[PDB]
8 protein chains.
Amino acid sequence: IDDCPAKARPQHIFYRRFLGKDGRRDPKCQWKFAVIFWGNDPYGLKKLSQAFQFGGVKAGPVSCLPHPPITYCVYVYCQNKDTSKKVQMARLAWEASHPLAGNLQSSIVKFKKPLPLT
Amino acid sequence: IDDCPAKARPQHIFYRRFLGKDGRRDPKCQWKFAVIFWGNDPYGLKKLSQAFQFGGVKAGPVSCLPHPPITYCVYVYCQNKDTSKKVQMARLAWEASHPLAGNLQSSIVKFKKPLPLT
Amino acid sequence: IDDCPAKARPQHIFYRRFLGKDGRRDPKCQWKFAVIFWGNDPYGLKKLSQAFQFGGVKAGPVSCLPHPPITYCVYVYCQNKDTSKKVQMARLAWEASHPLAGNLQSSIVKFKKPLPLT
Amino acid sequence: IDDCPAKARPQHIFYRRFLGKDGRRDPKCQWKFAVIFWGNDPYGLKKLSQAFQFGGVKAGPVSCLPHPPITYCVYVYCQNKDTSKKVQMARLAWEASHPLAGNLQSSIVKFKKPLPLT
Amino acid sequence: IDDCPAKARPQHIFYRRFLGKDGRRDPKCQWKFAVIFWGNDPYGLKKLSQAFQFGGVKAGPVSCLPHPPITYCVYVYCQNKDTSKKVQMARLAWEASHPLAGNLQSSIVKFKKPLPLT
Amino acid sequence: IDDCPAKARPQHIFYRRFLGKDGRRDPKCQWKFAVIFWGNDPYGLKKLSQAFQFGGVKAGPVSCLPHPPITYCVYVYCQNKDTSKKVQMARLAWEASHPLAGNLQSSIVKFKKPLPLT
Amino acid sequence: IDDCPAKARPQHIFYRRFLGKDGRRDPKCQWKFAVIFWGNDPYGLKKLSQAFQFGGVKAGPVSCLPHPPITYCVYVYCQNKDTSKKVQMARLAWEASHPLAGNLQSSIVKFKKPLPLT
Amino acid sequence: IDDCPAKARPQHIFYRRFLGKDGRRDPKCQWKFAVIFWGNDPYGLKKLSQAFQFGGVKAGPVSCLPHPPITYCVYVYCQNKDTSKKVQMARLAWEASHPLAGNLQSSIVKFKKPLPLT
């Protein structure tokens, strides 16, 4: 937690408690699952990206989405189907608990072939 | 919210924000789903029971469980499979956000035949 | 049977014969299943609750249901899907065989995560 | 009930109450389902055959089974999957309720193509 | 074949060739499957019943069907789903090959619980 | 039948009777299904190919198979899953009924995208 | 590649690179799968047939299709469901990359019983 | 094609031909599907990102992946399951056809909730 930059620490401590065992170091599992968080606010999305780094849950850098109002997004990568939806619920928890946090719309994601994270 | 007794109001306001549309008045849906919250603490379970009364989510009174340390439990009844697990996540959110709240272990529940709530 | 209070003994002896092996002591099985009996009559529901205590089948205390005419209910917890529906049929048997017994409407119940009874 | 011969009347009245709506006249349903009752006793099987004649449930005459102690059997034909298992439970009810009745072992049966009963 | 009565021998020799391995002595398999042959002609149905006796396929005696023109039927019991439909095709083969044989309408049958033949 | 060359007429008349409705002109159905007949004998396979031409069943010309003893094969194209296996049984019928006919080993075939026959 | 005739070598080298491991020598797998390429051009279909010979992928000789404009076709036999569709994509790749090549319409094929290639 | 920057034009023209109808303007479909291309080379990934912009297929900007040798990735978003795998095959086609192009490893991706592209 000391290693994680300060800005996302309030979030980090929250998610660390929220997720539990399914969020920390389950090597046997394969990572087939991620969850994309998209929002117009780059600031909060960066905080979210910093917020999730774990044994079972990792998040990439902030990224733009295809435009047919720029949409920014950050993918949050998980192990199983449980933690995939649980992270989605983890953020909504923070939004409800902490009103000052922005509202982010997200969808669960399933990958067929495994991803290179272990 | 004025009608709901005070003790569960902090919880109520939380869940009211957490759940959203799937937690309020969806008449078309049939109630096949509930979620049981079991814990040794009657006090917190009573607060939980008072906490959930909604259009899509209703909770019965506190009840004991069969003993082969008395276990108390309160069922929380939902509409669909989404709100069933979402309520389970809603409580865990409160526990993580508010540390002073007790730890309650729970399981999602599926009913075959419909239940008389509309 | 001597231990079980008298009032539910006529029922108990009935269910003991009706259920058989699937109703007595199957430890290998996990309890994912229960069956809720709801009715307006507290008296008969109490008798039902006393009636079911077994190795594979356990019943909690009488409990109220959420009101949008008070409805009382008693959950009857089972091991597998077979005994879950079989108990539902076991009560209907008693109602048909013994006319004096009240009419109780019930639904089979499925739980996702296991329940703490062994 | 007057038309049904006397010997199976005690059974008939029982099953008539036990089965209910799913046992009487549901024309929309197709008969894909039957249930075979096999036992060594021809006497009781004949009584069973006389016992089941209904709108949704019909039973053929007593019949022998292939021998690799003669086994006699009587098929009981139903509409849906509900009534198929319900009849199986209906007999077990009679055996438990009435001890003097013999013990009959039976299995539920599924037919792919429909059967000529309407 | 010498043991099998003469009348069904032309049929027997036919089915013996038609069915093959799946029709003779597969003990590992459980008998969940039968096929009912129903027809108005008792004579041909008796010949059919005599025609099928095998390691994997057995047929009971001729039996009547429930009447809402008497219908007679004979069940032919199999091991797996393959032989169940194969026997249905085996008879149709005989009808097409031998025109003098009567036309019999039949359906494949599935049993949930196993049957006492081994 | 007059149009079909003579050599396969004995077969043709057989299959015409064996197959019935599912073998003649069902336009609503899509052809997703064929059945491949492979054998070392080109002569009999040619007769088989001539034997099957129908509204619901069509057969292509005799063709070789990949060699890692030349294997010849002829595909027989059907409408639904019923007629696909039924044709497989139709040939086995001929082999059993008529001993002089050669023994041909075959497998049912399923195609994902539809085939250009209507 | 030296053994394969020259005309299909440009194709062969292409498919050899395109397919990879799933296209070369996987003995453990069973061949349940093929893919049929149909087209009006016999010339290109012959080139295609010569083009595919592999450890995991084999193609038979050019063959006609049933006519209710002669259609020629060549089946390409695979191991698993992956290579079945991959070959279909492999040809489309060649058509897009090399414009001079003809346009061939094809469908993936599934066989129930295994095929004699190993 | 004039609008698309030059560097990815050779790719663009290729994919435009490869994909066809399923790659251009199918509004009725919902976008549940994307495909992630990950590789160590930022240069080629940028070319890939520029290469895919279509009615049915859109690609976001180049993005990094979580590190437990920096991995860069670019997501390519599709409509249905067909185009999702087809794009994966579309790139492999280019790699096989054009050797000078780098080798990129990728996996198909499924999203539960729809994505905001129409």
task = Could you list, in sequence order, all residues of segment H:30-86 that are closer than 18 Å to A:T71 by Cα and of a type in the set (V, I, T)?
result = H:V57, H:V62, H:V74, H:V76
remark   = Of those in segment E:32-53 that are within 10 Å of another protein chain (Cβ to nearest Cβ) and assigned to a loop (DSSP other than H, G, I, E, B), the residue farthest from E:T118 (Cα to Cα) is E:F52
task = Could you tell me which of the residues C:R25, C:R16 is assigned to a helix (DSSP H, G or I) and not acidic (D, E)?
result = C:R16
remark   = With criteria (1) buried (at least 17 other Cβ atoms within 10 Å of the Cβ); (2) under 21 Å from F:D3 (Cα atoms); (3) out of contact with any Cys (no Cβ under 8 Å at 6 or more places or on another chain), F:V62 comes up short on (3)
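Looking at segment D:42-60, is at least one residue more than 22 Å from E:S63 (Cβ to Cβ) and not hydrophobic (A, V, I, L, M, F, W, C)?
At the first step, the residues of segment D:42-60 found to be more than 22 Å from E:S63 (Cβ to Cβ) are D:55.
Filter once more, keeping what is not hydrophobic (A, V, I, L, M, F, W, C): D:55.
Yes, some residue in segment D:42-60 is more than 22 Å from E:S63 (Cβ to Cβ) and not hydrophobic (A, V, I, L, M, F, W, C).
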inquiry  = Can you pull out every residue in segment B:19-42 that is surrounded by fewer than 22 Cβ atoms within 10 Å (Cβ to Cβ) and of a type in the set (A, V, I, L, M)?
reply    = none
inquiry  = Can you pull out every residue in segment G:87-112 that is facing another protein chain (nearest Cβ under 7 Å) and in contact with a helix residue (DSSP H, G or I) (Cβ under 9 Å, 6 or more places away or on another chain)?
reply    = G:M89, G:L92, G:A93, G:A96, G:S97, G:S107, G:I108, G:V109, G:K110, G:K112
message = Quick test of your reading of the structure: D:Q11 fulfils all but one of (1) part of a loop (DSSP other than H, G, I, E, B); (2) more than 10 Å from chain E (Cβ to nearest Cβ). Name the failing condition by number.
response = (1)
note = The lone condition B:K85 fails out of (1) surrounded by 17 or more Cβ atoms within 10 Å (Cβ to Cβ); (2) over 25 Å from C:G60 (Cβ atoms) is (2)
Number of the exception - A:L45 against (1) farther than 18 Å from A:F111 by Cβ; (2) in contact with a strand residue (DSSP E or B) (Cβ under 6 Å, 6 or more places away or on another chain); (3) surrounded by fewer than 22 Cβ atoms within 10 Å (Cβ to Cβ) = (3)
remark   = The correct count of residues that are more than 9 Å from the chain's Cα centre (by Cα) and outside any helix (DSSP H, G or I) in segment F:56-100 is 19
task = For segment F:4-16, state whether one or more residues are under 25 Å from E:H98 (Cα atoms), in contact with a helix residue (DSSP H, G or I) (Cβ under 6 Å, 6 or more places away or on another chain) and hydroxyl-bearing (S, T, Y).
result = yes
message = If C:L115 meets every condition in (1) in a loop (DSSP other than H, G, I, E, B); (2) among the hydrophobic types (A, V, I, L, M, F, W, C); (3) within 14 Å of chain D (Cβ to nearest Cβ) apart from one, which number is that one?
response = (3)
message = Looking only at residues that are facing another protein chain (nearest Cβ under 10 Å) and out of contact with any strand residue (DSSP E or B) (no Cβ under 7 Å at 6 or more places or on another chain) in segment A:55-81, which one is nearest to A:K113 (Cα to Cα)?
response = A:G55
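Every read-out reported here was derived from the displayed coordinates using simple, explicitly stated rules and does not represent laboratory data. Cβ coordinates were reconstructed from backbone atoms using ideal geometry, including for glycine residues, and neighbour counts include every protein chain displayed.
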